[PDB]
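Enquirer: What follows is input-v1.txt; its format and atoms are compact mmCIF, C-alpha atoms.
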# COMPACT_ATOMS: atom_id res chain seq x y z
CA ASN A 1 27.22 -61.53 -37.96
CA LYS A 2 27.34 -57.77 -37.33
CA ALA A 3 25.27 -55.12 -39.11
CA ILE A 4 24.43 -51.45 -38.80
CA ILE A 5 20.69 -50.75 -38.97
CA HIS A 6 19.26 -47.68 -40.65
CA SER A 7 15.65 -46.69 -41.38
CA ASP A 8 14.71 -43.52 -43.24
CA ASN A 9 11.57 -43.42 -41.09
CA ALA A 10 13.62 -42.92 -37.94
CA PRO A 11 15.63 -39.77 -37.18
CA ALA A 12 19.03 -39.83 -38.92
CA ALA A 13 21.92 -40.72 -36.64
CA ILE A 14 23.89 -37.48 -36.69
CA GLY A 15 27.25 -37.97 -35.04
CA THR A 16 29.29 -40.91 -33.88
CA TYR A 17 26.48 -43.41 -33.44
CA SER A 18 24.14 -45.68 -35.40
CA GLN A 19 20.39 -46.04 -35.00
CA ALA A 20 20.98 -49.64 -33.94
CA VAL A 21 23.47 -52.49 -34.22
CA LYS A 22 22.47 -56.06 -34.95
CA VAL A 23 24.57 -59.07 -33.98
CA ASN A 24 23.07 -62.39 -34.95
CA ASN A 25 19.51 -62.09 -33.64
CA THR A 26 20.07 -59.46 -30.95
CA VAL A 27 19.55 -55.78 -31.76
CA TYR A 28 20.93 -52.94 -29.65
CA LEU A 29 18.71 -49.88 -30.04
CA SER A 30 19.96 -46.32 -29.62
CA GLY A 31 17.99 -43.87 -27.52
CA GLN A 32 15.10 -42.28 -29.44
CA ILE A 33 13.65 -38.86 -28.61
CA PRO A 34 10.43 -37.30 -29.98
CA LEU A 35 12.13 -36.16 -33.20
CA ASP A 36 10.03 -36.02 -36.34
CA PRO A 37 12.40 -37.70 -38.80
CA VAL A 38 11.22 -35.29 -41.52
CA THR A 39 11.68 -31.94 -39.79
CA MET A 40 14.40 -33.13 -37.41
CA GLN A 41 12.67 -31.05 -34.76
CA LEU A 42 10.60 -32.28 -31.81
CA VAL A 43 7.03 -33.05 -32.82
CA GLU A 44 4.63 -30.46 -31.43
CA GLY A 45 2.16 -31.53 -28.74
CA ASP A 46 1.63 -32.71 -25.16
CA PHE A 47 3.62 -35.43 -23.41
CA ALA A 48 1.45 -38.16 -24.95
CA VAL A 49 2.28 -36.91 -28.45
CA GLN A 50 5.99 -37.00 -27.63
CA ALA A 51 5.70 -40.54 -26.24
CA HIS A 52 3.85 -41.60 -29.40
CA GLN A 53 6.75 -40.29 -31.51
CA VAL A 54 9.37 -42.09 -29.44
CA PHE A 55 7.60 -45.40 -30.05
CA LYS A 56 7.01 -44.69 -33.74
CA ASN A 57 10.74 -43.97 -34.03
CA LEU A 58 11.77 -47.19 -32.25
CA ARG A 59 9.23 -49.16 -34.32
CA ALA A 60 10.90 -47.97 -37.53
CA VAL A 61 14.35 -49.04 -36.30
CA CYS A 62 12.92 -52.41 -35.22
CA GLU A 63 11.31 -52.87 -38.63
CA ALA A 64 14.55 -51.91 -40.41
CA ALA A 65 16.20 -54.55 -38.19
CA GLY A 66 13.95 -57.33 -39.47
CA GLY A 67 11.30 -57.34 -36.75
CA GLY A 68 8.97 -55.04 -34.82
CA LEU A 69 8.29 -53.61 -31.37
CA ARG A 70 7.04 -57.04 -30.29
CA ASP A 71 10.66 -58.24 -30.46
CA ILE A 72 11.86 -55.76 -27.83
CA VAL A 73 12.95 -57.66 -24.72
CA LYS A 74 14.07 -54.72 -22.60
CA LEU A 75 13.05 -51.10 -22.72
CA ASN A 76 14.68 -48.23 -20.82
CA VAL A 77 12.47 -45.17 -20.42
CA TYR A 78 14.09 -41.89 -19.34
CA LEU A 79 11.75 -39.10 -18.22
CA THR A 80 12.42 -35.55 -16.99
CA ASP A 81 9.35 -35.92 -14.76
CA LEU A 82 8.18 -39.33 -13.54
CA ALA A 83 4.73 -37.84 -13.04
CA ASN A 84 4.42 -38.48 -16.76
CA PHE A 85 4.97 -42.21 -16.45
CA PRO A 86 1.31 -43.30 -16.32
CA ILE A 87 0.98 -41.73 -19.78
CA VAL A 88 3.96 -43.75 -21.04
CA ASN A 89 2.46 -46.88 -19.56
CA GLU A 90 -0.83 -46.24 -21.32
CA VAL A 91 0.59 -45.15 -24.68
CA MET A 92 2.68 -48.33 -24.67
CA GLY A 93 -0.58 -50.26 -24.72
CA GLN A 94 -1.17 -48.99 -28.28
CA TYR A 95 2.24 -50.17 -29.56
CA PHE A 96 2.85 -53.32 -27.55
CA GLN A 97 0.68 -56.29 -26.64
CA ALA A 98 1.27 -58.95 -24.01
CA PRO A 99 3.84 -60.37 -23.50
CA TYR A 100 5.49 -57.00 -22.71
CA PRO A 101 9.24 -56.27 -22.58
CA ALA A 102 11.13 -55.91 -19.33
CA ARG A 103 11.31 -52.22 -18.44
CA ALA A 104 13.14 -49.69 -16.32
CA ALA A 105 11.78 -46.19 -15.77
CA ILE A 106 14.06 -43.50 -14.40
CA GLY A 107 13.58 -39.84 -13.56
CA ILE A 108 16.55 -37.95 -14.97
CA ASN A 109 17.74 -34.34 -15.33
CA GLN A 110 18.09 -33.52 -19.04
CA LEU A 111 17.52 -35.12 -22.42
CA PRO A 112 18.76 -34.12 -25.89
CA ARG A 113 16.72 -31.28 -27.44
CA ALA A 114 15.01 -30.67 -24.08
CA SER A 115 12.87 -33.76 -24.72
CA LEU A 116 10.47 -34.99 -22.03
CA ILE A 117 11.18 -38.61 -22.90
CA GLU A 118 13.89 -40.80 -24.39
CA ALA A 119 13.69 -44.57 -24.72
CA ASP A 120 16.23 -47.17 -25.75
CA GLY A 121 16.47 -50.92 -25.49
CA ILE A 122 17.29 -54.35 -26.73
CA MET A 123 15.47 -56.49 -29.25
CA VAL A 124 15.84 -60.21 -29.91
CA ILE A 125 14.26 -61.65 -33.05
CA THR B 1 27.12 -69.88 -18.47
CA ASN B 2 30.92 -69.90 -18.82
CA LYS B 3 31.49 -66.61 -16.99
CA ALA B 4 34.84 -64.88 -17.55
CA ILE B 5 35.92 -61.93 -15.43
CA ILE B 6 37.79 -59.37 -17.51
CA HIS B 7 40.58 -57.36 -15.92
CA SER B 8 43.04 -54.87 -17.38
CA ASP B 9 45.92 -53.34 -15.42
CA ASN B 10 45.41 -50.36 -17.76
CA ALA B 11 41.89 -49.58 -16.54
CA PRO B 12 41.00 -48.42 -13.02
CA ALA B 13 40.82 -51.22 -10.49
CA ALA B 14 37.27 -52.31 -9.78
CA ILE B 15 36.98 -51.27 -6.12
CA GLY B 16 34.12 -52.95 -4.30
CA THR B 17 31.50 -55.43 -5.42
CA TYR B 18 31.83 -55.30 -9.22
CA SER B 19 34.14 -56.41 -12.07
CA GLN B 20 35.51 -54.22 -14.88
CA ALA B 21 33.64 -56.46 -17.32
CA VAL B 22 32.08 -59.92 -17.62
CA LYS B 23 32.38 -62.00 -20.78
CA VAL B 24 29.82 -64.68 -21.61
CA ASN B 25 30.06 -66.43 -24.95
CA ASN B 26 30.24 -63.75 -27.63
CA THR B 27 29.20 -60.79 -25.48
CA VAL B 28 31.18 -58.61 -23.05
CA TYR B 29 29.26 -56.52 -20.52
CA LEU B 30 31.31 -53.41 -19.65
CA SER B 31 31.06 -51.64 -16.29
CA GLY B 32 30.67 -47.88 -16.15
CA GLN B 33 34.01 -46.08 -16.50
CA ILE B 34 34.63 -42.60 -15.10
CA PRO B 35 37.65 -40.32 -15.74
CA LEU B 36 39.91 -42.04 -13.20
CA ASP B 37 43.63 -42.35 -13.88
CA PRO B 38 44.39 -46.05 -13.29
CA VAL B 39 47.80 -45.24 -11.74
CA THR B 40 46.66 -42.64 -9.19
CA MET B 41 43.04 -43.73 -8.76
CA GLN B 42 42.07 -40.06 -8.77
CA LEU B 43 40.26 -38.17 -11.53
CA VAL B 44 42.52 -36.78 -14.24
CA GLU B 45 42.85 -33.01 -14.09
CA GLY B 46 41.78 -31.14 -17.21
CA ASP B 47 38.73 -29.75 -18.99
CA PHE B 48 35.69 -31.81 -19.91
CA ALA B 49 37.36 -33.07 -23.09
CA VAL B 50 40.25 -34.43 -21.02
CA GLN B 51 37.66 -36.17 -18.79
CA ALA B 52 35.98 -37.78 -21.79
CA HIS B 53 39.32 -38.87 -23.28
CA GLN B 54 40.14 -40.70 -20.04
CA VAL B 55 36.77 -42.48 -20.09
CA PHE B 56 37.44 -43.81 -23.58
CA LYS B 57 41.01 -44.86 -22.80
CA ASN B 58 39.64 -46.68 -19.78
CA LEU B 59 36.98 -48.47 -21.85
CA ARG B 60 39.63 -49.22 -24.49
CA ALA B 61 41.81 -51.02 -21.94
CA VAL B 62 38.89 -53.16 -20.76
CA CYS B 63 37.95 -54.01 -24.36
CA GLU B 64 41.59 -54.94 -25.05
CA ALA B 65 41.68 -57.19 -21.99
CA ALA B 66 38.52 -58.80 -23.37
CA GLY B 67 40.27 -59.62 -26.64
CA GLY B 68 39.08 -56.74 -28.79
CA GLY B 69 38.85 -52.97 -28.96
CA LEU B 70 36.50 -50.00 -28.95
CA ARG B 71 35.48 -51.00 -32.47
CA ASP B 72 33.79 -54.07 -30.98
CA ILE B 73 31.42 -52.06 -28.80
CA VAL B 74 27.85 -52.43 -30.12
CA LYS B 75 26.18 -50.18 -27.53
CA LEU B 76 27.46 -47.28 -25.47
CA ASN B 77 25.58 -45.53 -22.67
CA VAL B 78 26.86 -42.05 -21.89
CA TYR B 79 25.84 -40.27 -18.70
CA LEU B 80 26.57 -36.58 -18.25
CA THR B 81 25.94 -34.23 -15.35
CA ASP B 82 25.41 -31.51 -17.97
CA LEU B 83 24.13 -32.09 -21.52
CA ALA B 84 25.83 -28.87 -22.67
CA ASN B 85 28.96 -31.04 -22.75
CA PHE B 86 27.57 -33.48 -25.30
CA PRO B 87 29.03 -31.85 -28.45
CA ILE B 88 32.49 -32.35 -26.92
CA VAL B 89 31.66 -35.97 -26.18
CA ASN B 90 30.67 -36.43 -29.80
CA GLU B 91 33.90 -34.75 -30.89
CA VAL B 92 36.07 -36.85 -28.56
CA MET B 93 34.27 -40.10 -29.47
CA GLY B 94 35.10 -39.30 -33.08
CA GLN B 95 38.76 -39.77 -32.19
CA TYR B 96 38.21 -43.24 -30.71
CA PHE B 97 35.47 -44.70 -32.89
CA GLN B 98 35.18 -44.88 -36.66
CA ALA B 99 32.25 -45.89 -38.85
CA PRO B 100 30.51 -48.21 -38.32
CA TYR B 101 29.53 -46.54 -35.03
CA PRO B 102 27.90 -48.27 -32.04
CA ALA B 103 24.32 -47.77 -30.92
CA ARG B 104 24.28 -45.08 -28.24
CA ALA B 105 22.18 -43.39 -25.58
CA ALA B 106 23.03 -40.08 -23.95
CA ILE B 107 21.35 -39.03 -20.72
CA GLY B 108 21.69 -35.96 -18.53
CA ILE B 109 21.78 -37.20 -14.96
CA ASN B 110 22.29 -35.82 -11.42
CA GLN B 111 25.50 -37.23 -9.90
CA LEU B 112 28.32 -39.53 -10.92
CA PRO B 113 30.89 -41.46 -8.87
CA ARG B 114 33.65 -39.19 -7.54
CA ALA B 115 31.68 -36.17 -8.80
CA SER B 116 32.82 -37.06 -12.32
CA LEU B 117 31.37 -35.13 -15.27
CA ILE B 118 30.97 -38.21 -17.46
CA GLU B 119 30.56 -41.97 -17.11
CA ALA B 120 30.09 -44.48 -19.92
CA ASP B 121 29.34 -48.18 -19.99
CA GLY B 122 28.31 -50.52 -22.76
CA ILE B 123 28.24 -53.85 -24.48
CA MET B 124 30.91 -55.36 -26.72
CA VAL B 125 30.65 -58.31 -29.07
CA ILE B 126 33.56 -60.42 -30.37
CA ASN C 1 11.21 -67.99 -28.29
CA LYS C 2 10.50 -65.54 -25.47
CA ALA C 3 9.42 -66.63 -22.00
CA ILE C 4 7.86 -64.23 -19.55
CA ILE C 5 9.05 -64.52 -15.96
CA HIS C 6 6.50 -64.33 -13.13
CA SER C 7 7.65 -64.55 -9.49
CA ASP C 8 5.01 -64.18 -6.80
CA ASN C 9 7.87 -63.36 -4.41
CA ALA C 10 8.66 -60.12 -6.24
CA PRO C 11 6.32 -57.17 -6.79
CA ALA C 12 3.74 -57.87 -9.50
CA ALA C 13 4.53 -56.19 -12.81
CA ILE C 14 1.47 -53.98 -13.20
CA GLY C 15 0.72 -52.41 -16.58
CA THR C 16 2.68 -52.79 -19.78
CA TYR C 17 5.85 -54.58 -18.66
CA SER C 18 7.10 -58.00 -17.51
CA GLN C 19 9.21 -58.68 -14.42
CA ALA C 20 11.70 -60.25 -16.81
CA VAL C 21 11.95 -61.73 -20.30
CA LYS C 22 14.07 -64.79 -20.98
CA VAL C 23 15.36 -65.72 -24.44
CA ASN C 24 17.97 -68.42 -25.14
CA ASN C 25 19.53 -68.40 -21.64
CA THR C 26 19.76 -64.60 -21.41
CA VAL C 27 17.36 -62.95 -18.97
CA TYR C 28 16.50 -59.26 -19.18
CA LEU C 29 15.48 -58.01 -15.74
CA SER C 30 13.17 -55.05 -15.15
CA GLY C 31 14.07 -52.38 -12.63
CA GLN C 32 13.19 -53.37 -9.07
CA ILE C 33 12.48 -50.83 -6.34
CA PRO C 34 12.19 -51.48 -2.58
CA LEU C 35 8.49 -52.48 -2.76
CA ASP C 36 7.30 -55.15 -0.35
CA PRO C 37 5.60 -57.58 -2.73
CA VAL C 38 2.89 -58.20 -0.10
CA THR C 39 1.85 -54.60 0.50
CA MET C 40 3.05 -53.04 -2.74
CA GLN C 41 4.33 -50.21 -0.59
CA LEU C 42 8.00 -49.40 0.09
CA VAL C 43 9.58 -51.31 2.95
CA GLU C 44 9.95 -49.10 6.03
CA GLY C 45 13.50 -48.28 7.15
CA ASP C 46 16.75 -46.55 6.21
CA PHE C 47 18.65 -46.81 2.96
CA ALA C 48 20.20 -50.18 3.84
CA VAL C 49 16.73 -51.69 4.39
CA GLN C 50 15.63 -50.36 0.98
CA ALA C 51 18.76 -51.77 -0.70
CA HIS C 52 18.20 -55.17 0.88
CA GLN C 53 14.65 -55.20 -0.48
CA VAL C 54 15.80 -54.32 -3.99
CA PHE C 55 18.16 -57.30 -4.00
CA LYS C 56 15.61 -59.67 -2.45
CA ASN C 57 13.20 -58.64 -5.22
CA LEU C 58 15.77 -59.18 -7.96
CA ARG C 59 16.76 -62.52 -6.49
CA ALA C 60 13.13 -63.67 -6.59
CA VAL C 61 12.89 -62.78 -10.27
CA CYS C 62 16.22 -64.50 -10.98
CA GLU C 63 15.03 -67.65 -9.17
CA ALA C 64 11.77 -67.71 -11.14
CA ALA C 65 13.96 -67.44 -14.26
CA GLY C 66 15.78 -70.65 -13.35
CA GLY C 67 18.89 -69.12 -11.82
CA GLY C 68 19.98 -66.72 -9.11
CA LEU C 69 21.78 -63.43 -8.45
CA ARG C 70 25.04 -65.26 -9.18
CA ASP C 71 23.93 -65.43 -12.82
CA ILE C 72 23.64 -61.64 -13.17
CA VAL C 73 26.36 -60.37 -15.54
CA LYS C 74 25.48 -56.68 -15.50
CA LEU C 75 23.72 -54.57 -12.92
CA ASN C 76 22.56 -50.98 -13.28
CA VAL C 77 22.12 -49.17 -9.97
CA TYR C 78 20.20 -45.88 -9.83
CA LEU C 79 20.39 -43.79 -6.64
CA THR C 80 18.73 -40.51 -5.75
CA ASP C 81 21.87 -39.79 -3.71
CA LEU C 82 25.33 -41.25 -4.38
CA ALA C 83 26.25 -40.48 -0.78
CA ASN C 84 24.38 -43.76 -0.22
CA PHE C 85 26.59 -45.77 -2.53
CA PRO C 86 28.99 -47.25 0.05
CA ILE C 87 25.95 -48.95 1.61
CA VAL C 88 25.21 -50.44 -1.81
CA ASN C 89 28.68 -52.05 -1.97
CA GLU C 90 28.20 -53.32 1.54
CA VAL C 91 24.74 -54.75 0.92
CA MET C 92 25.71 -56.20 -2.48
CA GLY C 93 28.53 -58.08 -0.73
CA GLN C 94 25.87 -60.03 1.15
CA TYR C 95 23.99 -61.02 -2.02
CA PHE C 96 26.82 -61.56 -4.50
CA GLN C 97 30.09 -63.45 -4.29
CA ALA C 98 33.14 -62.98 -6.50
CA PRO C 99 33.13 -63.05 -9.46
CA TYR C 100 30.97 -59.90 -9.28
CA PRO C 101 28.85 -58.60 -12.14
CA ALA C 102 29.75 -55.62 -14.27
CA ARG C 103 28.09 -52.54 -12.85
CA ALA C 104 27.11 -48.98 -13.66
CA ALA C 105 26.22 -46.68 -10.79
CA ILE C 106 24.31 -43.54 -11.59
CA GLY C 107 22.99 -40.67 -9.50
CA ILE C 108 19.57 -39.73 -10.84
CA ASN C 109 16.77 -37.32 -9.97
CA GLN C 110 13.78 -39.44 -9.04
CA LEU C 111 12.53 -43.02 -8.98
CA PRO C 112 9.13 -44.73 -8.93
CA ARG C 113 7.31 -44.48 -5.59
CA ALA C 114 9.96 -42.02 -4.39
CA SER C 115 12.39 -44.91 -3.92
CA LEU C 116 16.02 -44.21 -2.99
CA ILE C 117 17.35 -47.03 -5.16
CA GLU C 118 16.34 -49.02 -8.22
CA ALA C 119 18.41 -51.73 -9.88
CA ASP C 120 17.95 -53.64 -13.11
CA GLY C 121 20.17 -55.90 -15.15
CA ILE C 122 21.00 -58.82 -17.35
CA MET C 123 21.39 -62.44 -16.26
CA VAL C 124 22.93 -65.27 -18.28
CA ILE C 125 22.38 -68.82 -17.03
Just dump the structure as structure tokens.
Expert:
Amino acid sequence: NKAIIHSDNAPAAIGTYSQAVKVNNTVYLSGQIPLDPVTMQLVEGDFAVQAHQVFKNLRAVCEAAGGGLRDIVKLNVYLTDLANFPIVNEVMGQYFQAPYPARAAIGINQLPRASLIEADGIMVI
Amino acid sequence: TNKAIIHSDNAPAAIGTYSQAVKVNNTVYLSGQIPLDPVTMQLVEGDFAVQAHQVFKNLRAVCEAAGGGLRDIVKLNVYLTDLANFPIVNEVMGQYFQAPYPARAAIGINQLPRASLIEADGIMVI
Amino acid sequence: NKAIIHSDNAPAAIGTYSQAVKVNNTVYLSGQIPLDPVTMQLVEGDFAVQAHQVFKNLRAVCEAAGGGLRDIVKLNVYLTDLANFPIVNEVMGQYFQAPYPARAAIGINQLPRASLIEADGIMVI
């Protein structure tokens, strides 16, 4: 049972990808960056503001997929500077409650739109 | 728990301690493919677009060996040494995938196997 | 529906993540780095020592999840330097037997605690 997920409260998938794909109860989430889905530009603000937007964006995809952030089982967090990770960890506390998803945090070189953070993952409802 | 090793003679041999892909029930977990020519086991020569084409042909072969095709990929991870190349990736992908497209993530990283410019892995279902 | 994995033989998951999440026989493993679970500092030694510790850590999580490394179907390996990758093949050979998992090997910029290697993955029992 395969389905493309789209939410108009998450940035439009421009190009050869979908916001997420759902097969039975498992949902594969595309990477989200701090795009404001309205302006299609990065939200303005410090790292924390960008992290907030990434999770708001994922939340909308999760909701469009029939669940919420609580259904995320694995989260990949890509940062241009790992020094920012404690902020990610703390912001996550506002969007997730125990039990938390598995997680991998990696310091990488570049992200789309010069973002400071991109996160993707897997959800199971 | 029934673990099937996927192997295609039309994808680069999996050298070392990994398999080209593993199938369990409905899901196929695809290893990262770089722009290796399966016959020579050296990178193809050509511009970035040629590199990306080889990556998709390589993934295609693995998908075919797993009983499907690129259309069955539900998630694709694309790693690039330089994000300036991403438009070309999106253009090249367009020649291999049609709507409905897979979920995707694109990350600018530091190094790839064999100093490749692009590597992609993913997950297939069917 | 979801079960949280806790192994006291792998580094404690501090903050907003779980060591692993298990749902219907699929286990999503967090990234492990070469932390000694006792000291919560990196093990001392060269790259091979670090790689051993990463796999010991993953194995502990897999065991707490009701399986072992043999049940891993996909492994992501992140290295600060791909020059180290032959050692990864070598070390993995000691921890895994054919049939080997699918794998992606990526050279990245930085890792938690200045680690030289982090690996995460997916296990199916």
Enquirer: Produce the least-squares-superposed copy of chain A, fitted on chain C over all in-order C-alpha pairs, as a JSON list (two decimals) with C-alpha atoms, in the coordinates of the input.
Expert:
[["chain", "number", "residue", "atom", "x", "y", "z"],
["A", 1, "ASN", "CA", 12.94, -69.42, -27.19],
["A", 2, "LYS", "CA", 11.12, -66.48, -25.58],
["A", 3, "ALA", "CA", 9.40, -66.49, -22.19],
["A", 4, "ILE", "CA", 7.87, -64.05, -19.74],
["A", 5, "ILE", "CA", 9.14, -64.52, -16.17],
["A", 6, "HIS", "CA", 6.93, -64.04, -13.14],
["A", 7, "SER", "CA", 7.59, -64.70, -9.45],
["A", 8, "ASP", "CA", 4.97, -64.19, -6.75],
["A", 9, "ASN", "CA", 7.83, -63.23, -4.42],
["A", 10, "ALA", "CA", 8.65, -60.18, -6.52],
["A", 11, "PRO", "CA", 6.36, -57.14, -6.83],
["A", 12, "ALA", "CA", 3.63, -57.71, -9.44],
["A", 13, "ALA", "CA", 4.27, -56.02, -12.76],
["A", 14, "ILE", "CA", 1.42, -53.52, -12.85],
["A", 15, "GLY", "CA", 1.20, -51.92, -16.26],
["A", 16, "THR", "CA", 2.70, -52.56, -19.65],
["A", 17, "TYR", "CA", 5.78, -54.47, -18.56],
["A", 18, "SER", "CA", 6.91, -57.88, -17.31],
["A", 19, "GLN", "CA", 9.17, -58.62, -14.36],
["A", 20, "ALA", "CA", 11.68, -60.07, -16.82],
["A", 21, "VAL", "CA", 11.96, -61.60, -20.28],
["A", 22, "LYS", "CA", 14.02, -64.68, -21.03],
["A", 23, "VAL", "CA", 15.41, -65.49, -24.47],
["A", 24, "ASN", "CA", 17.41, -68.68, -24.63],
["A", 25, "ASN", "CA", 19.80, -68.29, -21.70],
["A", 26, "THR", "CA", 19.78, -64.50, -21.39],
["A", 27, "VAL", "CA", 17.36, -62.80, -19.00],
["A", 28, "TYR", "CA", 16.45, -59.12, -19.19],
["A", 29, "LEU", "CA", 15.48, -57.88, -15.73],
["A", 30, "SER", "CA", 13.09, -54.99, -15.13],
["A", 31, "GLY", "CA", 14.00, -52.28, -12.65],
["A", 32, "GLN", "CA", 13.19, -53.26, -9.05],
["A", 33, "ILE", "CA", 12.44, -50.74, -6.30],
["A", 34, "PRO", "CA", 12.17, -51.41, -2.54],
["A", 35, "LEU", "CA", 8.57, -52.64, -2.83],
["A", 36, "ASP", "CA", 7.41, -55.28, -0.39],
["A", 37, "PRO", "CA", 5.63, -57.66, -2.77],
["A", 38, "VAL", "CA", 3.00, -58.32, -0.08],
["A", 39, "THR", "CA", 1.98, -54.77, 0.84],
["A", 40, "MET", "CA", 2.95, -53.24, -2.50],
["A", 41, "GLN", "CA", 4.32, -50.32, -0.51],
["A", 42, "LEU", "CA", 7.96, -49.43, 0.11],
["A", 43, "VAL", "CA", 9.44, -51.43, 2.96],
["A", 44, "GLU", "CA", 10.01, -49.24, 6.02],
["A", 45, "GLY", "CA", 13.58, -48.51, 7.10],
["A", 46, "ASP", "CA", 16.88, -46.79, 6.31],
["A", 47, "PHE", "CA", 18.67, -46.87, 2.96],
["A", 48, "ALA", "CA", 20.27, -50.24, 3.76],
["A", 49, "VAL", "CA", 16.83, -51.79, 4.32],
["A", 50, "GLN", "CA", 15.66, -50.45, 0.96],
["A", 51, "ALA", "CA", 18.77, -51.82, -0.78],
["A", 52, "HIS", "CA", 18.18, -55.20, 0.87],
["A", 53, "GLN", "CA", 14.64, -55.26, -0.57],
["A", 54, "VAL", "CA", 15.81, -54.37, -4.07],
["A", 55, "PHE", "CA", 18.17, -57.35, -4.07],
["A", 56, "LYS", "CA", 15.60, -59.69, -2.53],
["A", 57, "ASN", "CA", 13.21, -58.64, -5.30],
["A", 58, "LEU", "CA", 15.76, -59.22, -8.08],
["A", 59, "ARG", "CA", 16.75, -62.56, -6.49],
["A", 60, "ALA", "CA", 13.14, -63.76, -6.74],
["A", 61, "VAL", "CA", 12.93, -62.82, -10.43],
["A", 62, "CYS", "CA", 16.28, -64.54, -11.06],
["A", 63, "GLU", "CA", 15.06, -67.66, -9.27],
["A", 64, "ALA", "CA", 11.78, -67.64, -11.24],
["A", 65, "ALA", "CA", 13.99, -67.39, -14.35],
["A", 66, "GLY", "CA", 15.83, -70.62, -13.54],
["A", 67, "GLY", "CA", 18.90, -69.22, -11.80],
["A", 68, "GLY", "CA", 19.95, -66.81, -9.05],
["A", 69, "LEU", "CA", 21.73, -63.52, -8.41],
["A", 70, "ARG", "CA", 25.02, -65.24, -9.22],
["A", 71, "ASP", "CA", 23.88, -65.37, -12.86],
["A", 72, "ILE", "CA", 23.61, -61.58, -13.17],
["A", 73, "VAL", "CA", 26.25, -60.32, -15.60],
["A", 74, "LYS", "CA", 25.41, -56.63, -15.52],
["A", 75, "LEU", "CA", 23.72, -54.57, -12.86],
["A", 76, "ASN", "CA", 22.53, -50.97, -13.21],
["A", 77, "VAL", "CA", 22.08, -49.15, -9.90],
["A", 78, "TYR", "CA", 20.11, -45.88, -9.88],
["A", 79, "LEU", "CA", 20.35, -43.75, -6.74],
["A", 80, "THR", "CA", 18.79, -40.40, -5.80],
["A", 81, "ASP", "CA", 21.94, -39.67, -3.78],
["A", 82, "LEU", "CA", 25.28, -41.26, -4.68],
["A", 83, "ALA", "CA", 26.39, -40.67, -1.10],
["A", 84, "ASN", "CA", 24.45, -43.85, -0.46],
["A", 85, "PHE", "CA", 26.56, -45.94, -2.80],
["A", 86, "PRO", "CA", 29.02, -47.34, -0.24],
["A", 87, "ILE", "CA", 25.98, -48.91, 1.45],
["A", 88, "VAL", "CA", 24.90, -50.50, -1.84],
["A", 89, "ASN", "CA", 28.40, -51.79, -2.36],
["A", 90, "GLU", "CA", 28.44, -53.36, 1.08],
["A", 91, "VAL", "CA", 24.91, -54.78, 1.03],
["A", 92, "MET", "CA", 25.76, -56.40, -2.30],
["A", 93, "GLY", "CA", 28.40, -58.40, -0.46],
["A", 94, "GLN", "CA", 25.60, -60.28, 1.33],
["A", 95, "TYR", "CA", 23.81, -61.25, -1.91],
["A", 96, "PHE", "CA", 26.67, -61.72, -4.35],
["A", 97, "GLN", "CA", 30.03, -63.46, -4.12],
["A", 98, "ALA", "CA", 33.03, -63.15, -6.41],
["A", 99, "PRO", "CA", 32.97, -63.16, -9.39],
["A", 100, "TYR", "CA", 30.75, -60.03, -9.30],
["A", 101, "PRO", "CA", 28.62, -58.66, -12.16],
["A", 102, "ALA", "CA", 29.66, -55.65, -14.20],
["A", 103, "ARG", "CA", 28.02, -52.56, -12.72],
["A", 104, "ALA", "CA", 27.09, -48.98, -13.44],
["A", 105, "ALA", "CA", 26.07, -46.59, -10.68],
["A", 106, "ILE", "CA", 24.33, -43.35, -11.57],
["A", 107, "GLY", "CA", 22.99, -40.45, -9.53],
["A", 108, "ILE", "CA", 19.55, -39.61, -10.87],
["A", 109, "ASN", "CA", 16.65, -37.26, -10.06],
["A", 110, "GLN", "CA", 13.55, -39.35, -9.27],
["A", 111, "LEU", "CA", 12.52, -42.97, -8.93],
["A", 112, "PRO", "CA", 9.06, -44.57, -8.85],
["A", 113, "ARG", "CA", 7.36, -44.29, -5.44],
["A", 114, "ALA", "CA", 10.04, -41.81, -4.31],
["A", 115, "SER", "CA", 12.43, -44.75, -3.87],
["A", 116, "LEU", "CA", 16.06, -44.11, -2.93],
["A", 117, "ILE", "CA", 17.25, -46.95, -5.14],
["A", 118, "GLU", "CA", 16.24, -48.88, -8.24],
["A", 119, "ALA", "CA", 18.30, -51.63, -9.85],
["A", 120, "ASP", "CA", 17.92, -53.53, -13.09],
["A", 121, "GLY", "CA", 20.15, -55.73, -15.17],
["A", 122, "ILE", "CA", 20.93, -58.70, -17.31],
["A", 123, "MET", "CA", 21.38, -62.31, -16.34],
["A", 124, "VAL", "CA", 22.92, -65.14, -18.35],
["A", 125, "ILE", "CA", 22.43, -68.70, -17.12]]
Enquirer: Could you please select, counting only C-alpha atoms, the residues of chain A within 6 Å of chain C and state them as a list in words?
Expert: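 So the residues of chain A near chain C are residues 89, 100, 101, 102, 103, 104, 106, 107 and 108 of chain A.
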Enquirer: Can you measure atom CA of residue A:66 to atom CA of residue A:124 for me? One decimal in Å is fine.
Expert: 10.2 Å
Enquirer: Using all atoms listed in the file for the distances, tell me which of B:87, B:16, B:102, B:69 is nearest to chain C.
Expert: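 The closest residue to chain C is B:16.
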Enquirer: Could you give me, as a PDB file with C-alpha atoms, in the coordinates of the input, the residues within 7 Å of residue B:4, counting all atoms listed in the file and dropping anything in the same chain fewer than 2 positions from it?
Expert:
ATOM      1  CA  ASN B   2      30.920 -69.900 -18.820  1.00  0.00           C
ATOM      2  CA  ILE B   6      37.790 -59.370 -17.510  1.00  0.00           C
ATOM      3  CA  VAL B  22      32.080 -59.920 -17.620  1.00  0.00           C
ATOM      4  CA  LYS B  23      32.380 -62.000 -20.780  1.00  0.00           C
ATOM      5  CA  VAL B  24      29.820 -64.680 -21.610  1.00  0.00           C
TER       6      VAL B  24
END
